[PDB]
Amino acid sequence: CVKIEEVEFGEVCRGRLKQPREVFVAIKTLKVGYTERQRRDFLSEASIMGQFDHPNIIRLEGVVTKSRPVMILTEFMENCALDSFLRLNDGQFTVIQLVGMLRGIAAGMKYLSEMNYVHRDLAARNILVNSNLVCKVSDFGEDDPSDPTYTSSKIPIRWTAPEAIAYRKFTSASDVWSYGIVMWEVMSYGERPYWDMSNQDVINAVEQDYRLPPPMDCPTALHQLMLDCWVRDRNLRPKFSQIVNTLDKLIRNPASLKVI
């Protein structure tokens, strides 16, 4: 039922699906000479992905394991990752549209969290965008390599709550910390969280109560909600339902988004 047009575990192609109407899709193929371990992990990521169903979580259309090569089919998102999408479009969206993007992402995270799923790598680079500007939470798919995005231990320092760095305490509340960072990315149109602070400086800074400032022209309401997400006391951070609720409050009362 699949076809491949313009082309970790293998390739990353653009394809076309035809189910009993035809759509564009994203296809992960698995390279020649994959290991049992490269095959076991590649697919179980599909398993993880295919237990979800929500308009802000990336859809697994399907998977074909009955032939070589074996594929994971997911939904096509024309505008790619949110962070590059925001960079290419600096200043081009209204505050309401940005809140809209955040609202969708907060809604996907509320779904995952009610499913007892902890994402662990929530970041703009893992949020995909379609042609209607709908943002969907994604996974399984570099400004300065000296301060890399990921540190091996698997941990994206700049996006990770201090208790998840220090003690591997990964929970929905650690995802909420990450969402705060995602808010800051969106509102700044894709700046690097913490800029030319070394990865180590960021851990040090955070433990010292440094929090990222408001992006240019960011409404005080929105920055306040970031600060809430970055409470050192994980128990005080809002839940994702509360974040969705706060963002809806702001959409119902847009005058309140004018304070800067």
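The first residue of the sequence shown is number 1, and the count goes up from there.
Where coordinates are absent for parts of the deposited sequence, a chain break appears; between neighbours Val7 and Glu8 it spans 4 to 9 residues. Per the record, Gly141 and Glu142 are separated by a gap of 4 to 9 residues from the deposited sequence that were not modelled.
Judged by mean Cα B factor in the deposited record, 68 to 76 ranks above the other of 68 to 76 and 161 to 169. Of the two segments, 81 to 89 and 170 to 178, the one listed with the higher mean B-factor is 81 to 89 (C-alpha atoms only). Comparing the C-alpha B-factors of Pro193, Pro55, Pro215, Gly33 in the entry, the top value falls on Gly33.
In the PDB entry, the Cα temperature factor peaks, among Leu225, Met197, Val231, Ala46, at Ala46. In the PDB entry, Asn235 places in the lowest third of its chain by CA B-factor. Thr149: CA B factor in the lowest third of modelled residues in this chain (values from the PDB entry). Per the deposited record, the Cα B-factor of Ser188 falls in the lowest third when ranked against the other modelled residues of its chain.
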